[PDB]
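J.: From first to last, the protein sequence lines stand for chains A and B.
Counting with PDB author numbering, you get residues 2 to 329 for the letters of the first sequence.
Counting with PDB author numbering, you get residues 2 to 329 for the letters of the second sequence.
The C-beta atom is built at its ideal place from N, Cα and C for all residues, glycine as well.
One structure is given below, represented as structure tokens, and several questions about it will come after.
2 protein chains.
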Amino acid sequence: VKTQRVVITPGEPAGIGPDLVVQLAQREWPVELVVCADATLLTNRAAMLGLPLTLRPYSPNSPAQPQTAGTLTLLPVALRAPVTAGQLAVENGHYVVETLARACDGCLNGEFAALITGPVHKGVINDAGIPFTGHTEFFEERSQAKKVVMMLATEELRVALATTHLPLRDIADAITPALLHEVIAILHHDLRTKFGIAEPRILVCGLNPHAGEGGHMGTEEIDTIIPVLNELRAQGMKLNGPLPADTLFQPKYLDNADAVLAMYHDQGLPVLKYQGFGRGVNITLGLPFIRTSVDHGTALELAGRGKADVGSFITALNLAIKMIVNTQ
Amino acid sequence: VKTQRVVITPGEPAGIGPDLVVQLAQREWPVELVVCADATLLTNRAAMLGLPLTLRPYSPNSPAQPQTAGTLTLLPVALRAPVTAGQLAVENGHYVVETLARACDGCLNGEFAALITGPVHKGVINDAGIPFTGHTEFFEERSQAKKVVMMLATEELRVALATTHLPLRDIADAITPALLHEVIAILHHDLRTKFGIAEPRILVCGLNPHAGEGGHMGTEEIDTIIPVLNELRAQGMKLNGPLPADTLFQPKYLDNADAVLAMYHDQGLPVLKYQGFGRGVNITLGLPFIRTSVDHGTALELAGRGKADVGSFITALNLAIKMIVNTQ
Ligand SMILES: N[C@H](C(=O)O)[C@H](O)COP(=O)(O)O
Ligand SMILES: [Zn+2]
Ligand SMILES: [Zn+2]
């Protein structure tokens with residue numbers, strides 16, 4: 002075997018991302034942590050946190066080495082303008098996107114085994130003149146993936162979303178057999194390839210409350226969800242549902258499920274989030290490479306102040322690492 | 002101070018209601034338990050269950066006495082036909098309705114401090130030729146309430162819904178400024194008068210994911226929810242602005258709030274039910290009196306078995322009692 006490299010994008014410079022990566026670095030890792038950011042950004046934020054940091058250069062033509070405590074490997078990307086923790090600078094929006102692109106191309110070219118992302122501020126990137134709606138869409142497009150699936154996990158409890166950031170009013174018409182097929186196909190695929198689960202068991206939420214309670218509250222279950230599920234069950238897929246979302250999240254269901262598929266954003270994320278603020282991991286399924294992420298914002302207000310909380314970033318990294326085994 | 006009386010309606014005679022009430026009786030209570038039902042029904046179901054039961058008559062002229070274990074106070078209403086657990090008899094629909102009317106009237110008279118309802122089967126009542134649009138609708142209409150708001154609580158969390166059992170595709174257009182003002186006024190009002198919370202703190206969910214994030218994920222927050230909340234805040238009402246549902250359910254928020262207002266069914270109930278479950282109690286806001294209700298159905302398939310589970314009924318009663326204590 003060979004020591005693996007993972008690429009990490011701290012995210013918004015003025016945000017908590019660099020703070021968190023400097024903190025990640027205070028411990029040992031079984032992989033080489035290739036951080037794609039500006040060297041000075043990290044050096045300065047480290048100082049502000051009274052934390053030690055020595056950076057070694059990313060060297061593609063030398064073997065990778067596990068990351069020792071107090072260090073990080075650096076894939077340099079220059080900042081557009083000077084940084085002040087907590088204050089945004091539109092020009093640095095190009096900087097952020099650049100790190101994302103480079104880290105993404107590194108996973109596509111096989112340079113890196115996984116990609117872990119810090120938080121980014123969508124607003125400032127747009128302000129810079131760059132259409133950006135989030136990492137998920139960014140990688141999906143740059144990776145030219147047919148379709149990606151957003152997942153949230155806290156360990157055994159994993160929730161995927163059939164639809165993501167759509168206005169509530171657009172969800173219903175979005176639930177088509179075509180969409181359910183791709184999403185579930187990907188969910189089933191990745192649970193096997195990336196999560197190492199031979200025969201994955203997926204728990205599916207209905208669209209309406211009470212899963213449509215017959216026909217009194219919506220026809221989507223009887224019209225498209227149920228039919229598709231049985232089309233897939235015949236394909237050998239182990240699927241349970243559709244079930245009511247406020248009943249589905251129980252031991253008699255979860256204990257025998259490897260993942261839950263929610264029809265929409267606020268149907269599945271609240272329970273997961275209430276299951277623990279930190280320790281929550283964002284995962285993108287459907288990409289050619291493993292991509293995990295923190296499950297929180299840039300928290301400009303905390304940047305450089307040292308009240309961090311690297312729990313989510315650390316779990317994100319541990320998961321990506323554990324995931325590398327199943328793919329390599 | 003003085004011992005209060007609460008009225009309980011076992012509900013559908015053939016369902017588990019009577020079973021649940023006979024078990025409730027096996028323990029002492031700080032209030033007098035007035036059960037509006039047919040004596041024989043209760044006596045018999047007690048036999049079938051191997052549980053002891055002594056019924057004392059409702060004596061409004063006497064001082065209310067806390068209920069002693071193995072006993073119940075009876076407000077007599079006669080069945081129209083013999084009851085066979087697990088079998089619906091249309092004729093008895095008239096019985097169910099009469100108990101509901103009598104209990105309701107008693108709550109408007111001041112005879113009873115609160116109403117705790119057992120499960121009722123709508124179908125059989127309608128099949129009997131009795132117009133009845135639903136359990137809570139009956140009390141809403143008879144008490145002349147203009148609007149009721151459904152809430153689910155567990156001692157550690159209270160969640161009210163702006164909309165209830167509607168198809169998902171109908172929620173967006175239902176969230177109007179009128180509905181919200183009406184829903185929040187009632188929620189603010191009752192948190193004071195029924196829960197005894199002076200200066201109530203309310204958390205409000207946005208309709209869209211990330212609360213519409215600016216307006217990149219929907220406009221309802223900007224066009225309706227935010228304007229409404231602002232007006233109400235102008236009246237001193239403590240309202241924590243529209244927060245993304247997936248971040249709202251967390252200590253920094255919940256620990257600072259008395260109630261959470263969710264926009265739709267699956268946005269609040271899953272968290273509430275994962276945070277407790279059976280501990281869940283349905284409270285009807287908007288009526289002139291306190292009304293709690295079990296969380297299950299008539300479950301005719303369980304009546305007369307012995308595997309009832311008066312748990313939910315107990316948390317329902319316990320909750321109404323507390324509400325009485327904090328409002329006297
Ligand atoms: N709702 C997701 C979460 O809970 O983290 C978040 O929007 C994902 O954003 P990205 O596409 O930027 O990873
Ligand atoms: Zn999101
Ligand atoms: Zn419901």
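#1: Given that residue 268 (chain A) touches chain B, what residues does it touch there, using C-beta distances under 8 angstroms?
#2: Assuming residue 242 (chain B) is part of the beta strand (DSSP E), what are its boundary residues?
#3: Tell whether a beta-carbon distance below 8 angstroms holds between residue 113 (chain B) and residue 119 (chain B).
#4: With DSSP run on the structure shown, which of helix, strand or coil describes residue 100 (chain A)?
#5: Below 7 angstroms CB to CB, which residues in the same chain sit around residue 307 (chain A) once its five sequence neighbours on both sides are set aside?
#6: Just checking: is the beta-carbon of residue 103 (chain B) within a distance shorter than 8 angstroms of some beta-carbon in chain A?
#7: Considering only the alpha carbon of each residue, which of B:232, B:95 and B:210 lies closest to residue 249 (chain B)?
#8: Under 5 angstroms, CB to any heavy atom of ligand 1. Which residues pass, going along the chain?
#9: Which residues bound the alpha helix (DSSP H) around residue 143 (chain A)?
#10: Indicate whether residue 246 (chain B) and residue 20 (chain A) have their beta-carbon atoms separated by less than 8 angstroms.
#11: Could you list which residues in chain A have their beta carbon closer than 9 angstroms to that of residue 219 (chain B), in chain order?
#12: Name the DSSP bridge partner or partners of residue 217 (chain B)?
#13: From the DSSP output, read off the bridge partner residues of residue 295 (chain A).
#14: Checking 8 angstroms against the spacing of the C-beta atoms, do residue 272 (chain A) and residue 242 (chain A) come in under that value?
#15: Could you say which of A:167, A:154, A:180 and A:215 lies nearest to residue 229 (chain A) if we only look at CA atoms?
#16: Could you tell me which of A:189, A:177, A:293 and A:59 sits nearest to residue 222 (chain A), measuring between CA atoms?
#17: Checking 8 angstroms against the spacing of the C-beta atoms, do residue 1 (chain A) and residue 31 (chain A) come in under that value?
#18: Residues of chain A with CB closer than 8 angstroms to the CB of residue 106 (chain B), please, in chain order.
#19: Which one or two residues does DSSP pair with residue 88 (chain A) in a beta bridge?
#20: How would you call residue 194 (chain B), buried or exposed, if buried means at least 16 neighbouring beta carbons within 10 angstroms?
#21: Between which residues of its own chain and residue 164 (chain B) is the CB-CB distance below 6 angstroms, once the five residues before and five after are set aside?
#22: With H, G and I counted as helix, E and B as strand and the rest as coil, what does DSSP make of residue 283 (chain A)?
#23: Quick one, are the C-beta atoms of residue 254 (chain A) and residue 275 (chain B) less than 8 angstroms apart?
#24: Run the proximity test for residue 217 (chain A): is its beta-carbon closer than 7 angstroms to any non-hydrogen atom belonging to ligand 3?
#25: Measuring straight from C-alpha to C-alpha, what distance separates residue 162 (chain A) and residue 151 (chain A)?
#26: Within 8 angstroms of any Cβ in chain A, is that where the Cβ of residue 133 (chain B) sits?
#27: Can you tell which of B:311, B:15, B:35 and B:28 has the C-alpha that lies nearest to the C-alpha of residue 4 (chain B)?
#28: Taking the alpha carbon of residue 401 (chain B) as the reference point, which residue from B:145, B:224, B:8 and B:24 has its own alpha carbon closest?
#29: For residue 293 (chain A) and residue 207 (chain B), what's the separation of their Cα atoms in angstroms?
#30: Check the Cβ-Cβ distances between residue 274 (chain B) and every residue of chain A, and say whether any is below 8 angstroms.
#31: When DSSP labels each residue in this structure, what does residue 252 (chain B) get in the three-state scheme?
#32: For residue 306 (chain A), which three-state DSSP category applies?
#33: Which first and last residues belong to the alpha helix (DSSP H) in which residue 175 (chain A) is found?
#34: Could you tell me whether the Cβ atoms of residue 40 (chain B) and residue 76 (chain B) are closer together than 8 angstroms?
#35: Between residue 160 (chain B) and residue 146 (chain B), what straight-line distance do the alpha-carbon atoms span, to the nearest angstrom?
#36: Using three-state DSSP, classify residue 58 (chain A) as helix, strand or coil.
T.: With the given structure in hand:
#1: 267, 268 and 271
#2: Annotation for residue 242 (chain B): the continuous beta strand (DSSP E) segment containing it runs 239-244.
#3: Note that the C-beta distance between residue 113 (chain B) and residue 119 (chain B) is not below 8 angstroms.
#4: helix
#5: Within the same chain, residue 307 (chain A) has close Cβ partners 50.
#6: no
#7: B:210
#8: A:135, A:136, A:137, A:283, A:294 and A:296
#9: Under the DSSP assignment, residue 143 (chain A) falls in the alpha helix (DSSP H) whose first and last residues are 136-143.
#10: no
#11: 167, 168, 169, 170 and 171
#12: For residue 217 (chain B), the beta-bridge partners assigned by DSSP are B:219.
#13: Note: residue 295 (chain A) sits in no beta bridge, so no partner.
#14: no
#15: Nearest of A:167, A:154, A:180 and A:215 to residue 229 (chain A), Cα basis: A:180.
#16: Considering only A:189, A:177, A:293 and A:59, the residue with the shortest C-alpha distance to residue 222 (chain A) is A:177.
#17: No answer is possible for residue 1 (chain A): it lies beyond the span of chain A, which begins at 2 and ends at 329.
#18: Contact of residue 106 (chain B) with chain A by beta-carbon distance below 8 angstroms is absent, the smallest such distance being about 30 angstroms.
#19: Residue pairing for residue 88 (chain A): DSSP places it in a beta bridge opposite A:85.
#20: exposed
#21: The answer, listed in chain order, is 172, 175 and 265.
#22: strand
#23: no
#24: no
#25: 6 angstroms
#26: no
#27: B:35
#28: Past the edges of chain B, shown from 2 to 329, lies residue 401 (chain B), and the structure says nothing about it.
#29: 27 angstroms
#30: yes
#31: helix
#32: coil
#33: 172-175
#34: no
#35: Distance between residue 160 (chain B) and residue 146 (chain B), taken at the CA atoms: about 21 angstroms.
#36: In the structure shown, residue 58 (chain A) adopts extended strand secondary structure according to DSSP, grouped into three states.
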